[PDB]
Amino acid sequence: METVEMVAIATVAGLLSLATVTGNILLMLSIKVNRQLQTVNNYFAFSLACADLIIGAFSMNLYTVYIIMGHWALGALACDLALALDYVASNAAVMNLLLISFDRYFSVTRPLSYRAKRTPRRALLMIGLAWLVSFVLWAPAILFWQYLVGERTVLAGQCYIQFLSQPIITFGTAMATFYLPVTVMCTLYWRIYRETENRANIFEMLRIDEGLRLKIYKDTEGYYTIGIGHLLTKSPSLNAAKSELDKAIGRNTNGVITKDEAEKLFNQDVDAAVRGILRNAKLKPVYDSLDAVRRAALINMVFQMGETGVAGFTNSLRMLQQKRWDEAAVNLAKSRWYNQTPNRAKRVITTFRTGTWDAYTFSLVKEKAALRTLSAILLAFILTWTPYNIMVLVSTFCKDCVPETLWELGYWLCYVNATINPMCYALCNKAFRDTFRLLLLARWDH
Ligand SMILES: CCCCCCCC/C=C\CCCCCCCC(=O)OC[C@H](O)CO
Ligand SMILES: CCCCC1CCN(CCCN2C(=O)CCc3ccccc32)CC1
Ligand SMILES: CCCCCCCC/C=C/CCCCCCCC(=O)O
Ligand SMILES: CCCCCCCC/C=C/CCCCCCCC(=O)O
Ligand SMILES: CCCCCCCC/C=C/CCCCCCCC(=O)O
Ligand SMILES: CCCCCCCC/C=C/CCCCCCCC(=O)O
Ligand SMILES: CCCCCCCC/C=C/CCCCCCCC(=O)O
Ligand SMILES: CCCCCCCC/C=C/CCCCCCCC(=O)O
Ligand SMILES: CCCCCCCC/C=C\CCCCCCCC(=O)O
Ligand SMILES: CCCCCCCC/C=C\CCCCCCCC(=O)O
């Protein structure tokens with residue numbers, strides 16, 4: 001390698017390492033200095049930043065030395081230890097991406113039962129297990145394969161994993177670390193998006209029909225309430241109501257909350273209502289037989305008159321289960337319910353009749369920062385890791401079709417995931433972008 005080629009590689013790779021270490025330290029410090037970013041799902045983001053910092057500071061720089069020098073010059077022990085660290089960190093990054101996906105999946109699908117289990121303590125446990133599993137999977141095999149086989153067949157000046165002899169063995173690891181995790185995370189995201197779409201529609205339906213209050217008010221029974229009919233306490237005190245509200249949210253609200261915080265309390269109420277319906281012998285067979293649009297209409301009815309109230313419409317419920325919607329509409333309209341709230345009742349009835357959102361003009365699904373960041377980090381993983389994993393796939397069909405130069409570029413592209421991952425958080429999350437800019441401007445002055 002000529003002197004001009006050595007300088008050019010050192011500059012580009014050096015600047016790449018600097019951008020990787022800076023971005024991941026900015027991600028870690030943002031969570032540390034800003035309390036609003038100290039959420040359970042950001043514990044996994046911090047854990048991912050740690051794996052990416054190892055890639056940026058260690059893997060990128062030791063690989064730059066290996067490229068420039070044209071061989072491994074640090075010995076056999078340093079080779080096995082550097083490979084163990086590189087593969088353990090890369091595998092830990094994938095496991096944190098799986099931890100982000102699964103956490104967001106259970107918090108959107110089950111916001112009541114899972115949120116009782118979703119604590120920093122359990123997050124710290126899952127983070128530690130993801131790091132330990134990654135260590136036990138790679139490090140023993142990398143260090144001790146030579147002793148099992150009886151010879152170290154990796155030549156002096158070379159540095160690669162000996163247990164990955166046949167490309168089919170490498171393909172197995174590619175299936176385990178990329179192909180299967182990607183399929184799982186894409187399936188998870190699909191269910192998350194679908195659940196969010198359905199839950200937002202119920203939120204908008206009840207916002208029109210019941211009403212949304214961002215400040216503490218009193219219900220018909222005189223009890224302190226907030227959002228869309230969310231009971232805070234039955235105690236005749238405002239301080240007791242503020243205490244229950246601060247406990248459920250996680251900040252000093254002082255009686256005033258946001259639409260997003262009200263949507264979070266609403267989704268917990270939806271799960272409690274759906275839990276009731278499935279436990280109710282009169283409401284369970286009709287709910288299971290109904291589509292997502294007509295299910296929301298039933299929940300709306302439950303929110304207004306309760307479980308026993310809706311269950312009292314024996315003939316209407318049976319006709320809805322029989323898919324006789326025009327006939328069910330007749331019985332539901334000839335009730336005390338229709339006489340008390342005719343506008344809300346006719347909108348609910350039309351929904352049962354058509355199975356569409358024609359009674360309300362509904363907006364498209366507003367994708368929150370959480371959902372947006374999830375697809376960004378998942379698309380970033382696929383983008384950067386695809387070239388190397390396709391090269392492994394090519395190798396199984398034809399032995400030496402992939403040249404050494406291409407493996408090197410595939411490895412570099414793979415490392416780029418560590419660089420663009422903090423950029424995804426900055427692009428999708430406003431709170432991250434502002435903290436990043438705050439930390440950088442403070443470092444410049446002074
Ligand atoms: C024939 C070759 C065998 C094929 C390999 C099959 C192994 C299945 C692995 C992951 C499934 C993805 C689901 C993710 C949940 C499991 C988390 C886990 O422990 O997987 C570790 C994985 O190696 C981290 O890359
Ligand atoms: C868990 C899934 C697999 C993830 C892959 C595994 C391969 N690495 C590139 C390894 C590059 N490399 C060398 O080729 C020689 C020695 C060396 C020392 C220190 C750092 C790097 C190297 C990118 C991610
Ligand atoms: C050197 C600065 C980095 C440039 C950015 C990366 C762009 C991709 C580079 C591809 C060119 C590498 C291929 C060179 C041919 C020599 C291959 C060989 O015979 O070993
Ligand atoms: C080379 C240096 C790179 C490391 C920089 C990252 C800074 C270290 C992070 C500190 C974490 C802040 C301490 C807060 C502990 C929270 C634990 C808890 O959940 O109770
Ligand atoms: C070589 C050194 C690297 C060590 C690898 C192990 C990484 C383990 C990850 C760290 C645990 C994450 C803790 C979460 C941060 C808490 C932030 C906060 O709420 O204040
Ligand atoms: C369940 C222990 C798995 C070991 C931790 C390693 C991290 C990678 C796995 C991610 C799954 C975490 C999701 C929480 C467990 C729910 C069980 C399930 O439905 O799969
Ligand atoms: C992944 C690490 C593998 C550990 C190998 C050690 C083998 C010996 C077996 C002992 C394991 C028993 C410890 C169980 C943990 C205590 C229960 C708990 O609180 O979770
Ligand atoms: C968070 C990381 C974001 C990733 C950044 C990638 C930005 C891609 C956009 C740059 C424009 C260059 C692509 C132009 C298309 C060329 C098409 C062609 O081949 O003719
Ligand atoms: C199994 C746990 C993983 C171990 C990770 C530690 C890896 C560190 C080793 C490699 C870097 C070598 C340090 C540079 C010194 C070279 C001096 C020389 O021998 O010429
Ligand atoms: C010198 C070795 C280089 C570092 C390699 C890192 C891999 C080792 C893995 C096992 C240690 C367990 C990880 C730490 C868990 C604590 C974090 C937490 O639980 O929040």
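By convention here, the first residue in the shown sequence is residue 1. Each ligand, and each atom within it, is numbered from 1 in the order the structure gives.
Of all protein heavy atoms, the one closest to atom 6 (C) of ligand 6 is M95 CE, 3.7 Å. Atom 3 (C) of ligand 4 has as its closest protein heavy atom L53 CD2, 3.9 Å. For atom 2 (C) of ligand 6, the closest non-hydrogen atom on the protein side is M126 SD, 4.5 Å. The protein heavy-atom contact nearest to atom 2 (C) of ligand 9 is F135 CE1, 4.0 Å. Distance from atom 7 (C) of ligand 4 to its nearest protein heavy atom, with residue and atom name: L29 CD2, 4.1 Å. Closest protein heavy atom to atom 15 (C) of ligand 6: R122 NH2, 3.9 Å. Here the protein heavy atom with the shortest distance to atom 5 (C) of ligand 6 is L129 CB, 4.0 Å.
Below 4.0 Å from some heavy atom of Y43 lie the following atoms of ligand 4, by number and element: 18 (C), 19 (O). For ligand 4, the atoms sitting less than 4.0 Å from at least one non-hydrogen atom of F46 are 9 (C), numbered in the order shown with element in parentheses. Residue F102 has at least one heavy-atom neighbour below 4.0 Å for each of these atoms of ligand 6: 11 (C), 13 (C). Close contacts of ligand 6 with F106, meaning ligand atoms under 4.0 Å from a residue heavy atom, involve 16 (C), 19 (O). The contact set between ligand 4 and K32, taken as ligand atoms under 4.0 Å from a residue heavy atom, comprises 12 (C).
Remark: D271 does not engage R275 in a salt bridge, criterion side-chain N to carboxylate O under 4.0 Å. We find that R251 and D246 are not joined by a salt bridge, their nearest charged nitrogen and carboxylate oxygen being 4.0 Å or further apart.
A cation-pi contact links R213 to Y217, judged by a cut-off of 6.0 Å to the six-membered ring centre and 45° from its axis. Annotation: cation-pi geometry satisfied between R295 and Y287 (NZ/CZ under 6.0 angstrom from ring centroid, within 45° of ring axis).
When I142, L62, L83 are ranked by how near their heavy atoms come to atom 11 (C) of ligand 9, first place goes to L62. Comparing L85, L74, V65, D86 against atom 15 (C) of ligand 9, the shortest heavy-atom distance belongs to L74. Taking all heavy atoms of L81, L143, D80 into account, the minimum distance to atom 6 (C) of ligand 9 is reached by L81.
Taking CG of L143 as the start and CG of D80 as the end, the distance is 6.0 Å to the nearest 0.5 Å. To the nearest 0.5 Å, the span separating CG on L29 from CG on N34 amounts to 12.0 Å. Rounded to the nearest 0.5 Å, atoms CG (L206) and CG (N201) are 11.5 Å apart.
Using 4.0 Å as the threshold, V133 has no heavy atom nearer than that to any atom of ligand 6.
Classified by interplanar angle (parallel below 30°, tilted 30° to 60°, perpendicular above 60°), the ring pair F432/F436 is perpendicular. Ring pair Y63/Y411 is perpendicular by interplanar angle, where above 60° counts as perpendicular and below 30° as parallel.
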Take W131 and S47, measure what side chain to side chain donor-acceptor pair (under 3.5 Å) needs, and give me the verdict at the end.
-> CA-CA 9 Å; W131 277 96; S47 178; 3.0 Å; yes
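Between the side chains of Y66 and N61, no donor N or O sits under 3.5 Å from an acceptor N or O. Defined by atom type and a distance below 3.5 Å, a donor-acceptor pair is missing between the side-chain atoms of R199 and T196.
Within a 4.0 Å radius of atom 13 (C) of ligand 6, the protein contributes one or more non-hydrogen atoms. At a distance under 4.0 Å, no protein heavy atom can be found next to atom 20 (O) of ligand 4. Distance check on atom 17 (C) of ligand 9: every protein heavy atom falls at or beyond the 4.0 Å cut-off. Within the 4.0 angstrom cut-off, atom 9 (C) of ligand 4 has one or more protein heavy-atom neighbours.
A19 approaches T419 most closely through the heavy-atom pair CB-CG2, 4.2 Å.
No part of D103 comes within 4.0 Å of ligand 6, judged by heavy-atom distances.
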